[PDB]
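**Student:** Below is a structure I'd like to ask you about.
Any read-out appearing in this document is the output of simple, stated calculations on the displayed coordinates, not a laboratory observation. Note that each Cβ is placed from the backbone with ideal geometry, even for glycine, and that neighbours are counted across all protein chains shown.
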Amino acid sequence: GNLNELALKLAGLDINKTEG
Amino acid sequence: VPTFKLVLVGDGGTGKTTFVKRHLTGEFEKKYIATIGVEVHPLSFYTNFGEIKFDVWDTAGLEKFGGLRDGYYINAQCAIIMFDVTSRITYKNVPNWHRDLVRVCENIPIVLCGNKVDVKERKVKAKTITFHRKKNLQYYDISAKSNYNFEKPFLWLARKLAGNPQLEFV
Amino acid sequence: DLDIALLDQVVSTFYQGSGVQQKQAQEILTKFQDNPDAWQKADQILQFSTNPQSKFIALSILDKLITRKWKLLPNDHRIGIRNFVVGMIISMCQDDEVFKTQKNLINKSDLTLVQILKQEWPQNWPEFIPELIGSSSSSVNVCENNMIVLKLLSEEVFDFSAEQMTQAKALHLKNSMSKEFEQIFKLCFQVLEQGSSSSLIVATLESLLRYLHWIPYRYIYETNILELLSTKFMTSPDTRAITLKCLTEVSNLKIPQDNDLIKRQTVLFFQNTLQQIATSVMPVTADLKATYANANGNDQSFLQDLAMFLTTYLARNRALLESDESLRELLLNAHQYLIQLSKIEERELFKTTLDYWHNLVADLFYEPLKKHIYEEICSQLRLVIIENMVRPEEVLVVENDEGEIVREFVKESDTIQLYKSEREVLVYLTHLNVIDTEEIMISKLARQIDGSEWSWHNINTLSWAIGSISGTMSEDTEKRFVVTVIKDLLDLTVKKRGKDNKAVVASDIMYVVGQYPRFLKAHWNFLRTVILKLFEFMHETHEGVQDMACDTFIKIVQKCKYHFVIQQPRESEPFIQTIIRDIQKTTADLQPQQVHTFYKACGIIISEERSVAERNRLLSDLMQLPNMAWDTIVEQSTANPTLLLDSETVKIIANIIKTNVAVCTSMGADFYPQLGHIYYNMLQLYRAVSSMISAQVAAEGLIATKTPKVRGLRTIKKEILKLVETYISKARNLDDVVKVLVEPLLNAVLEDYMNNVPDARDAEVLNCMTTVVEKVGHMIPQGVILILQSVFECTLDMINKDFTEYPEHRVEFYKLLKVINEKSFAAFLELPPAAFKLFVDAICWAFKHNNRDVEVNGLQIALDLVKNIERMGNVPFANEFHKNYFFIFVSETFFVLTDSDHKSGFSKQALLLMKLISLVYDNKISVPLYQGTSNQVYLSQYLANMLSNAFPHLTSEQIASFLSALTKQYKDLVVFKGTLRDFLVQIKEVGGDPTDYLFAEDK
Ligand SMILES: Nc1nc2c(ncn2[C@@H]2O[C@H](COP(=O)(O)OP(=O)(O)OP(=O)(O)O)[C@@H](O)[C@H]2O)c(=O)[nH]1
Ligand SMILES: [Mg+2]
């Protein structure tokens, strides 16, 4: 198995976006 | 605005005076200067429903300085019993302080406080502290030195005496 | 001095006034009741005063007389005081307003009667109990008050007699109560079955509660009292709480174990009780969480007491209820009430139920055939625990003595310990049903996402719950579960509006991943993304995020360090190389403390590097920035200490040293080369700052110690001591510590310590030396002598004027003496005799402290010293020691034993005294101790004379009998301590019985 999807999503974690 | 007599009891050196003095002036005293008999200190907290006032009767924990002893407890409307989690004997004496207290004041809100939880070699381990259960005391770990749960004993008492669970200090 | 009216006024000014006048009244009152003649003022106060507070004080005065001097009194006065107290109690009972409103005063009078009973009963008051029983028919008030009297007698005899009475006296009073209890029980049972008056019945049940601590179970099981407690007194509101307390103690009785009848009785009272609670109080469906928040009447205490009863009974008796299928519904209803109680927002009540749930879920795990009975209970329990998870990590923010703000994690707190208990229960429950657990936590998370249960508290709490069950699900289920959770949280973060909300959820993602190191280690790519994300967060200025980022970085590397030092498939280099290279950019926006944490994290990783050349290389690279700064500033600043008047330079230097400290803390032994790189210039720096600090304190005094300038300098000084202490404490190569580190260290710190003025000497110097002696003291006998010479007398002088000044120095001094005495006693043998006397003096001075942190070490040193001397054979230092000091230690030990306020030292005081006595009674001292009489007789004589001088009210018979016991019991610690406790009781009073010291043999 792998975690490639999850790693890419986590790399998008952004507390300064405004997609609220 | 009413005033509530609060008696503060427990073994010598456990932190009673230094807890109160920090509450009054913001400063923390490092020296141990044993209390002789009692000192009464008015202590006010401002709340979201107004001012609350305690007359804090800070009693001596050393036998040789005990003074009037349980005679300090007459009229008390609440109490804190303090011990020191770095010293097992001070927890061993908590039932003796409680006994002398409630023989005078049958039905008052009491908080039990284990102080000095900042210190690295804790001797009175948390699992060990159960005396308050059968006596219906509140319990908190505190640290007068490091500001841990510093207002909680007064907050719980204030709520109890004002009959107001929503009361908050401000 | 003060007649009745004026005493009344003083009391009323003390209790009802304030300020300065209240304090002046206090002093009058305190002196008055300490007056040995005060007790003649007292009856008069009791006869004539109009003030219940005056009468309380008069009773306290009489208690002092009763407790201490009663047997000095003529038999006339005794019977007079006794008749007076009895009649006064009866008047107060027969006066309605007083009986209503002066209960503390009647309770005090009752306790005074009990003090007399302790002296007089039953041997000189055999009719007391039948008289009391008789007078209870005379009045309902008197009867009620009689229950208070019997309750206090029970407490004073059974619960509180240990240490307040001799062992012999306590046995006599317990046997006396035991013999007369049949009649007290008769009265008690009669009132419970007939009485109306709730206040009388409540008093009766309060006394029963105390009797249950000691009475034989047959009073409970062979009468009808269980029926009354479980039916009658549960139905009436005012008796509910006290009846549950009684039934809690019934459940703890010593009862036969192989007896069907007793088992049925035990089931029946619980059956009755739970039925009565459902009929008369509240059904299992009631929302106790809301009832408890309401707080009507005494309901909170009742519910607390119900939790106690249920958990007490069930922890002991659950298998009994499981053993018959007709009991199933009782079993389950009892558990369902517990589930409801567990939802109440009151932490101490929650912990009480949690202790029981722990017992239960362990038992289901280890006997899973039972598991089907509790499925529904367990399901609701997962939810309760999840919803009440507390935070597993807590940080204290404090200002130190140099004014810096310092974050420290709390260890072993009540909160932390509750987290651990919660986790253990939830681990068991997870294995009991992993699908249910998973569903509960996923749907809980869905209700964060749909907003219905959203809040910072709820998402944090759910995160702590989820993070607590790592290693429960099996690796593959865990993988899927964690993927699902993390994705749900990543969407939740995107969905929430506002930086505050997104920071909370982001911090919880980082929390959950830190708690699943198997999941992290399985996929390097994911781990590496986590770390790079944390590094992004180290630039985020939003409150708390940088600290969260640094804390998670070090937490993760503690667990996954290996993955940073190897070269991973598909990467050109070990990730530690990458971290080190971008370290300046990565940390640029961190505060200094955070930067130090980062460097500490790096050192964890580097210690994992197995090859020494490569590890040293990594260390060298890691330290490039602080070394560059060091190499450009420090030597220069030390050759012209006028460059350190720049507070900005002092700041930069402090932070360099703290960077070293941080790296050393994690690398320990592996830090050697970096320490070596800065060592000699670091020690020149120490001297230059210590000189400047002392110079200014000398000229300006104490207040110079609070200045921004002196604080910055003291920081450098203390960090240098911290770095050396930290390294030496973890060193593995002790040869280098001794050959390279110690000698420069001692030359730099010791003479400077001695020459500094008292207010510039740092206690941390003593701490550092303690670590040096602990670690390599066996290898540096000459260094240890230097340590003593430099710090011994000058520190003793700071702390021997009073007990209160230089608190840190007191504590560190006796710690250092203790370790020197354990590890290099030879240094004490080299002292000149006058300095050795000072050492003995210092040990005795520690004994006299009301300060547990000093006292313990003083006592331990004395014991260790005596063993050290005892291990030297028949040799003249030994024999000289004994002739010079044996008796100094005997009387000093006795002096603190008999003092009011050195009770924490009791155990070691006893041991020391046993050891001293053995030295003589085991004929281990080869010389005579006096200037062919044996040392045994000389010792007994010394002791009789010492004791009759310190305690002149003791009789010769009391002293002969105590000493005869002590000298026979000194191999048996427990018995020996019992005799000492008896002695401490007898010295507080006149007329003790000398036959008390025969208690051990009479047995
Ligand atoms: N480490 C630590 N020390 C504390 C804390 N609170 C108080 N102390 C120290 O413990 C000692 C407590 O002294 P006091 O408060 O005078 O003692 P007390 O309980 O009033 O004693 P008596 O008046 O003798 O009954 C002082 O040396 C304090 O500095 C704490 O939270 N942590
Ligand atoms: Mg005090």
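**Student:** Short version: ³J(HN,Hα) in whole Hz for each residue of the stretch C:473-480, in order, from phi by Karplus 6.51 cos²θ - 1.76 cosθ + 1.60 (θ = phi - 60°), x for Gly and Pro, what are they?
**Tutor:** 8, 5, 4, 6, 4, 5, 3, 5
**Student:** From other protein chains only, count the Cβ atoms within 10 Å of every residue's Cβ in C:405-417, then give the mean.
**Tutor:** 5
**Student:** Looking at the stretch C:374-437, which trypsin sites (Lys or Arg not before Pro) are in a loop (DSSP not H, G, I, E or B) and have at most 12 other Cβ atoms within 10 Å?
**Tutor:** Sparse-neighbourhood loop trypsin sites (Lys or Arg not before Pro): none present.
**Student:** Set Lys and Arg Cβ to +1 and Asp and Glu Cβ to -1, take the dipole of the stretch B:65-170 about its Cα centre, and tell me which of B:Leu167, B:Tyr72, B:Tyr91 lies farthest positive.
**Tutor:** Value computed over the given set: B:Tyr91.
**Student:** Hey, another quick one. At most 10 other C-beta atoms within 10 Å and a DSSP loop state: those are the exposed GluC sites (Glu not before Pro) I care about. Give me the longest piece of chain B that has none.
**Tutor:** B:28-105
**Student:** Calculate the dipole size of the protein assembly as shown relative to its Cα centre from +1 charges on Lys and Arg beta carbons and -1 charges on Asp and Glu beta carbons; express the result in debye to the nearest 20.
**Tutor:** My answer is approximately 980 debye.
**Student:** Let me confirm one metric for peptide B:60-68, namely the mean number of other chain beta-carbon atoms within 10 Å of its residues' beta-carbons.
**Tutor:** The mean count of partner-chain Cβ atoms within 10 Å per residue comes to 4.
**Student:** Now for a separate question. Under a plain spin-label model, where a point goes 7 Å from the Cα along Cα-to-Cβ, how far apart in nm are C:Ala278 and C:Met798?
**Tutor:** Spacing of the two 7 Å Cα→Cβ label points: 7.1 nm.
**Student:** Okay, moving on. If the only charges are +1 at each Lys and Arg Cβ and -1 at each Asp and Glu Cβ, what is the size of the charge dipole of the stretch C:174-295 around the Cα centre, to the nearest 20 debye?
**Tutor:** Value, rounded to 20: 200 debye.
**Student:** Another question, then. Read phi for every residue in the stretch B:99-114 and hand back ³J(HN,Hα) as whole Hz from Karplus 6.51 cos²θ - 1.76 cosθ + 1.60, θ = phi - 60°, with x for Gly and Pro.
**Tutor:** Calculated HN-Hα couplings, in order: 3, 5, 5, 6, 5, 8, 10, 5, 10, 10, x, 10, 10, 9, 10, x Hz.
**Student:** Summing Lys, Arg as +1 and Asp, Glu as -1, what charge do residues with Cβ under 13 Å from the Cβ of C:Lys977 carry, C:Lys977 excluded?
**Tutor:** Every neighbour counted, the sum reads +1.
**Student:** Please tell me which of these pairs span more than 22 angstrom C-alpha to C-alpha: B:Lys125/C:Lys988; B:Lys127/C:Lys730; C:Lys411/C:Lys479; B:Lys5/C:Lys351; C:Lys444/C:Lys502; B:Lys152/C:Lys502?
**Tutor:** B:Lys125/C:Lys988; B:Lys127/C:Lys730; C:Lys411/C:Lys479; B:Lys5/C:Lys351; B:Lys152/C:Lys502
**Student:** Which one, C:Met872, C:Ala826, C:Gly858, is farthest towards the positive end of the dipole of the stretch C:764-893 when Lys and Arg carry +1 and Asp and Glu -1 on their Cβ?
**Tutor:** C:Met872
**Student:** From the helices alone, meaning DSSP H stretches of at least four residues, give me the mean residue ellipticity at 222 nm for chain C, per-run term -39500 (n - 2.57), in deg cm²/dmol to the nearest 500.
**Tutor:** Calculated mean residue ellipticity at 222 nm is -23500 deg cm²/dmol.
**Student:** C:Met510: net charge of surrounding residues, Cβ under 13 Å, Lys/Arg +1, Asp/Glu -1, itself excluded?
**Tutor:** Spelling it out: positives minus negatives among the neighbours equals -3.
**Student:** If you place +1 on the Cβ of every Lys and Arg and -1 on the Cβ of every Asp and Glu, how big does the dipole about the Cα centre of chain C come out, in debye to the nearest 20?
**Tutor:** 1220 debye
**Student:** Determine the shielding of peptide B:132-143 by partner chains: average, over its residues, the number of Cβ atoms on other chains within 10 angstrom of each Cβ.
**Tutor:** 5
**Student:** OK, next. Applying a 10 Å radius around every beta-carbon, put C:372-379, C:33-40 in order of their mean neighbour count, most first.
**Tutor:** Per-residue Cβ counts within 10 Å, averaged per peptide and sorted highest first, yield C:372-379, C:33-40.
**Student:** Show me, for the stretch C:482-497, the HN-Hα J-couplings you get by feeding each phi into the Karplus relation (A = 6.51, B = -1.76, C = 1.60, θ = phi - 60°), rounded to Hz, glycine and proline as x.
**Tutor:** Taking θ as phi minus 60°, the curve returns 5, 4, 3, 4, 5, 5, 4, 6, 4, 4, 3, 4, 4, 4, 5, 8 Hz for the stretch C:482-497.
**Student:** Counting other Cβ atoms within 10 Å of each Cβ, which trypsin sites (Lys or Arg not before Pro) in the stretch C:241-319 have at most 11 and sit in a DSSP loop?
**Tutor:** For trypsin sites (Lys or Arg not before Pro) across the stretch C:241-319 that sit outside H, G, I, E and B with at most 11 neighbouring Cβ atoms in 10 Å, the list reads C:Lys254.
**Student:** In addition: Enumerate by residue number the chymotrypsin sites (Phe, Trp or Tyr not before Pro) in the stretch C:1-36 meeting two conditions: DSSP loop (anything except H, G, I, E, B), and at most 12 other Cβ atoms within 10 Å of the site's Cβ.
**Tutor:** Sparse-neighbourhood loop chymotrypsin sites (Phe, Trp or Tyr not before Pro): none present.
**Student:** Neighbour counts of other C-beta atoms within 10 Å: give me B:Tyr46, C:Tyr938, C:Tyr753 arranged from fewest to most.
**Tutor:** B:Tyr46, C:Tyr938, C:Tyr753
**Student:** Report the one residue of C:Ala319, C:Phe302, C:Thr665 whose Cα lies farthest in the direction of the positive end of the charge dipole of chain C (charges on C-beta: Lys and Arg +1, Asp and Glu -1; origin at the Cα centre).
**Tutor:** C:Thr665
**Student:** Also, quick follow-up: Which shape class applies to the stretch C:1-101: rounded if a/c is under 1.5, otherwise prolate when a/b exceeds b/c and oblate if not, where a ≥ b ≥ c are the square roots of the Cα gyration tensor eigenvalues?
**Tutor:** Note, shape of the stretch C:1-101 comes out oblate.
**Student:** What's the ranking of C:776-784, C:306-314 by average number of surrounding C-beta atoms within 10 Å, highest first?
**Tutor:** Averaged packing, sorted descending, gives the order C:306-314, C:776-784.
**Student:** For a quick check: with amide H placed at 1.01 Å from N, whose amide H comes under 5 Å from B:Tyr148's, ignoring anything fewer than 5 positions away on the same chain?
**Tutor:** Residues meeting the amide H criterion: B:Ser143.
**Student:** Restricting to the protein assembly as shown, what percent of DSSP beta bridges are antiparallel, rounded to 5?
**Tutor:** About 45 percent, rounded to the nearest 5.
**Student:** Please tell me which of these pairs span more than 28 angstrom C-alpha to C-alpha: C:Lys169/C:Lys908; C:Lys717/C:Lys903; B:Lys135/C:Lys151?
**Tutor:** C:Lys717/C:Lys903
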